[PDB]
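Take a look at the structure set out below.
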Amino acid sequence: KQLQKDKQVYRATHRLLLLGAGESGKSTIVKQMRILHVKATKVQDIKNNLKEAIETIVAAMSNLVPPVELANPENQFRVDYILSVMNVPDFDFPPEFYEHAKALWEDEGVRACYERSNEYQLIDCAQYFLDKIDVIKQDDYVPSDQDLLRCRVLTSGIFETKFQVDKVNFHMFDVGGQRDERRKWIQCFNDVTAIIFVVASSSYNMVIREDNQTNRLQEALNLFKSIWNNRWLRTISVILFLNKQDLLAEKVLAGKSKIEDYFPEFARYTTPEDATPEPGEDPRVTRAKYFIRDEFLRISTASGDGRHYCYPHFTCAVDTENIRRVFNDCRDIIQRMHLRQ
Amino acid sequence: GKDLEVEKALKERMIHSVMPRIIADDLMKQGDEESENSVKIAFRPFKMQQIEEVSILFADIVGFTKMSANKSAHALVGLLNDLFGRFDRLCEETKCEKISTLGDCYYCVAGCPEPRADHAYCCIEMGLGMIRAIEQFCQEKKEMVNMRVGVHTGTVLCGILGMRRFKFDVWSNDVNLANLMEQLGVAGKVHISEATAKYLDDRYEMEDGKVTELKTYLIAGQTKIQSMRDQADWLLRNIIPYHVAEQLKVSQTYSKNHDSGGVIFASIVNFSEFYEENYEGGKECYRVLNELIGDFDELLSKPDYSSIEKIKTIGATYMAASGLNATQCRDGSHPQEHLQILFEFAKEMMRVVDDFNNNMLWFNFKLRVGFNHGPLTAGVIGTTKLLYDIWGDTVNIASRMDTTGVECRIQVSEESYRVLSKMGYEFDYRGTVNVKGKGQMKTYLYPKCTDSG
Ligand SMILES: Nc1nc2c(ncn2[C@@H]2O[C@H](COP(=O)(O)OP(=O)(O)OP(O)(O)=S)[C@@H](O)[C@H]2O)c(=O)[nH]1
Ligand SMILES: [Mg+2]
């Protein structure tokens, strides 16, 4: 039949369903895993990232509570030029366009525009790729893995990606997370082992690309509550993640954002004693990241009845070593979980 | 004693009457006893193979009701069994697996379990044979009924969904496509698609038959036993209800008019736009669907829904009926109170899908229910191929009620409105529906303008 061993090597596979709202890092984390354990369109979609980023910047310059004004309005034509390429499906990416994007990226009114990136939708790899692609204005360069991991390509449908870990098979399901995709999840809720639930902790002061009227993190909490009690997942552990750590750190140490302004139950929140922060880690940032961890663990406290356990970690998906450590721990946990049957 | 093998022969007949020969013998190795654990928890279990390169053939009696006008409520079953028996004879002659008989419609697949390469030939040749057989019945019993035939080839996923009255069946966009192409097929001649002409190899009288209104064509020619008796009793109460299980013990066939009886068709509106086939055949969408249908089969097992019978489930559609246990009037009970409880079933199953919509994240199912009541005829089809089913005018009137229905609301027929109105429910007049076969009809939806207005 040759099917007995096939079934028994199936039963020896760890199914890691990646869930969590959009722009969180499911695709980034699975890119990370394949990098750690494993043809030219990539540069093109990186340039698409650049174009979309710079366009969102220049476009939102007019639609804030003040219209953002360039400190050097003599480059106004440049802005207009960028507004001219706004929707051109094909594009040659000329060098004059790149010089335009840079010359705008140097103005400080543009900078004050960018710093208010929470009042409008924007990709997270904008300020990075602007600077890093200024170097690759040429043509004969292929970008490093760091550029390939900050690459923002949209996820549309179940992407089943396999990999092995020292003689342990692994079959994970990268999944989209936007509202239109959330009907596709319930396909792959069958005998899945662990549900890596990615969350963007630095997305507490922004709004979703669904309706620009829901706090990204409040939305993520609603979705976590929704899949925590999902009557097909009242038996499967939710290895929570809290992705985008460094962005969160920069936001808190920036002092401009007020989490208590976005979430009222932070002012009367205390740092918990189970804190295990690395040396040289700000107590304010630490209190904040653990506040969000508590807001996610409360959801995993009021229900469940001890049939499924949430195992929150912390992670920065663009830090390969961070994913290495947290995934070794994940490997322990899912070794303990998969065998639970 | 030895009689155990007799009961196992019975159970084997029962299986062979609900699933193809192939998978019937496949389920006769009893290695994986997970169905044995269905006889005796998160996702209900089900098996559905996504098979490509199979043909589908539907065939509906043309002018059926005009024939079933004034039969004896028993001669109808007689002639119908004769017809489908000729059809099964042709199936074995032509090596093609029938699947079921949707009321008046009859349909088959050309080797889904055991694939074939001539399957288009097999299918349309069976179609031509069916034309011949209905033509011979037309001039044998002298009935003015021919049957329109439709064929479409492609990929289908075949399996079992449901717990009560489960039967091996097929599902796809291709199945529904063969269905509509039969619906658009002119009587007497097989109405085929581009997808089957693309390898018909032109060995037949090709005739490009446009619709009178995707490049379709037309063709016309050229001890230990207790477990076993338990399992067999369960499979039988599955395939046919209790009262017929009694009556069939002593009689070869079965047939029964029911002057009063209600029937509901609950069709999920937005399934075919929840079903995205980009995954592994998208059979996981059908897994979610089976998880739903499980909740209706669960509803059946309530106490007060004893008199309700799930007749069958036709793809996404769910077909239920009542007024079949009612065999004697009771002094303290009202006669047509059963129509209440069946109606309540409707309401409840509506509520059921809302529970399923709590566990369905950022998507909602919406089922429209059509309700009718009146006269009907229940019968049992084959011998060694048992198939309980009902026909009449309530069946088709309720089906065309539902198919013309509105989701999240119960479209009720007029006299059903009259009888239910006194029973406390408040309906709202919809207007007038143009029911194929009845022209204009007056309709009343159940919820008193549940939406805004
Ligand atoms: N700084 C930082 N940025 C991150 C991290 N993880 C993801 N990002 C950024 O967030 C953005 C969104 O990541 P992305 O890969 O699109 O998630 P996704 O799962 O694909 O989101 P979607 O497809 O469901 S909409 C990307 O620009 C990526 O660079 C992180 O750990 N640190
Ligand atoms: Mg993604």
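Chain lettering (A, B, ...) mirrors the order of the structure tokens, residue numbering begins at 1 for each chain separately, and ligand numbering begins at 1 in order of display.
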Check your understanding: So which residues touch stretch 98-112 of chain A within 12 Å, counting only C-alpha atoms, skipping near sequence neighbours fewer than 6 positions away, as a ChimeraX atom specification?
Key -> /A:47,50-62,64,66-83,85,92,126-138
Pull C-alpha atoms from the residues just selected and write them as a CSV table (one decimal), in the first residue's frame.
```csv
chain,number,residue,atom,x,y,z
A,47,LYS,CA,11.2,48.7,-5.0
A,50,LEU,CA,9.8,51.9,-1.5
A,51,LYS,CA,7.4,53.5,-4.0
A,52,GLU,CA,4.3,52.7,-1.9
A,53,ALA,CA,6.0,54.1,1.2
A,54,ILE,CA,7.2,57.3,-0.3
A,55,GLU,CA,3.8,57.8,-1.9
A,56,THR,CA,1.9,57.3,1.3
A,57,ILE,CA,4.2,59.8,2.9
A,58,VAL,CA,3.8,62.5,0.3
A,59,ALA,CA,0.1,61.9,0.0
A,60,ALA,CA,-0.8,62.1,3.7
A,61,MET,CA,1.2,65.4,3.7
A,62,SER,CA,-2.1,67.1,2.8
A,64,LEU,CA,-3.6,65.6,8.5
A,66,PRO,CA,-2.3,70.4,9.7
A,67,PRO,CA,-1.4,69.9,6.1
A,68,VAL,CA,2.3,68.9,6.3
A,69,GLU,CA,4.4,71.7,4.7
A,70,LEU,CA,7.8,71.1,3.2
A,71,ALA,CA,10.6,73.1,4.8
A,72,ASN,CA,12.0,73.5,1.3
A,73,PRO,CA,8.9,74.3,-0.8
A,74,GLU,CA,11.2,74.9,-3.8
A,75,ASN,CA,11.0,71.1,-4.2
A,76,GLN,CA,7.2,71.3,-4.5
A,77,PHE,CA,7.3,70.1,-8.1
A,78,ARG,CA,9.0,67.0,-6.8
A,79,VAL,CA,6.0,66.3,-4.6
A,80,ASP,CA,3.7,66.9,-7.6
A,81,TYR,CA,5.9,64.5,-9.6
A,82,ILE,CA,5.5,61.9,-6.9
A,83,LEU,CA,1.7,62.5,-7.0
A,85,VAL,CA,3.2,58.3,-10.5
A,92,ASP,CA,10.6,51.5,-15.0
A,126,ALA,CA,9.5,52.6,5.0
A,127,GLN,CA,12.2,54.6,6.9
A,128,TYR,CA,14.4,51.5,6.7
A,129,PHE,CA,14.1,50.9,3.0
A,130,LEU,CA,14.4,54.5,2.0
A,131,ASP,CA,17.8,54.7,3.6
A,132,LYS,CA,19.0,51.2,2.6
A,133,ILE,CA,17.9,51.6,-1.1
A,134,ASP,CA,19.5,55.0,-1.5
A,135,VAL,CA,22.6,52.8,-1.6
A,136,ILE,CA,21.2,50.5,-4.4
A,137,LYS,CA,20.4,53.3,-6.8
A,138,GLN,CA,22.5,51.1,-9.1
```
Point to revise | Expected answer as a count of residues only: alpha helix (DSSP H) residues in stretch 189-314 of chain A | key: 44
For stretch 368-381 of chain B, please output as a compact mmCIF listing (two decimals) with C-alpha atoms, in the first residue's frame all residues within 7 Å (counting only C-alpha atoms; exclusion window: fewer than 3 positions along the same chain).
```
# COMPACT_ATOMS: atom_id res chain seq x y z
CA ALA B 73 -50.12 7.03 -4.46
CA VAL B 77 -43.93 4.29 -6.77
CA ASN B 81 -39.22 1.99 -9.40
CA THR B 253 -42.32 -2.52 -1.52
CA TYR B 254 -43.67 0.53 0.27
CA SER B 255 -45.78 3.55 -0.64
CA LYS B 256 -48.02 5.91 1.26
CA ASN B 257 -50.00 9.00 0.47
CA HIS B 258 -49.97 11.67 3.15
CA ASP B 259 -52.87 14.06 2.65
CA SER B 260 -51.28 16.47 5.14
CA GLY B 261 -47.54 16.90 5.57
CA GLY B 262 -45.00 19.71 5.73
CA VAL B 263 -41.60 20.03 4.10
CA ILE B 264 -38.77 22.55 4.46
CA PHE B 265 -35.76 23.25 2.30
CA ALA B 266 -33.01 25.09 4.16
CA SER B 267 -30.44 26.20 1.61
CA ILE B 268 -27.28 27.98 2.68
CA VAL B 269 -27.18 31.08 0.50
CA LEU B 386 -32.80 1.01 -0.67
CA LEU B 387 -33.62 4.69 -0.95
CA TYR B 388 -36.41 6.39 0.97
CA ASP B 389 -37.75 9.53 -0.67
CA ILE B 390 -40.90 11.57 -1.09
CA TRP B 391 -42.51 13.30 -4.04
CA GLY B 392 -45.73 15.15 -4.65
CA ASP B 393 -46.56 18.79 -5.01
CA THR B 394 -45.38 20.01 -1.62
CA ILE B 397 -43.54 23.85 -4.30
CA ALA B 398 -41.36 24.16 -1.19
CA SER B 399 -38.17 23.73 -3.19
CA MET B 401 -40.25 28.51 -2.45
CA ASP B 402 -36.76 28.22 -1.02
CA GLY B 405 -36.40 32.65 -0.88
CA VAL B 406 -34.67 35.38 1.08
CA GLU B 407 -31.86 34.54 3.46
CA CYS B 408 -32.21 34.79 7.24
CA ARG B 409 -35.99 34.57 6.75
CA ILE B 410 -38.52 31.76 6.41
CA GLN B 411 -40.48 32.00 3.16
CA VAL B 412 -43.82 30.34 3.90
CA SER B 413 -46.49 29.27 1.44
CA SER B 416 -49.27 27.42 5.47
```
Review point. Given a cut-off of 8 Å, what residues near ligand 1 show up using only C-alpha atoms and all ligand atoms, put as a ChimeraX atom specification?
Key: /A:20-29,123-126,149-156,174-178,200,243-247,315-319
Exercise for review: Point out the residue among B:122, B:288, B:133, B:99 with the least atom-to-atom distance to chain A, counting only C-alpha atoms.
Suggested key: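 With only C-alpha atoms as the atom set, the closest residue is B:288.
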Practice item. Select all residues from chain B having any atom no more than 12 Å from an atom of chain A (counting only C-alpha atoms, ignoring ligands), output as a PyMOL selection string. Key: chain B and resi 31-32+41-46+271+273-289+291+355-365
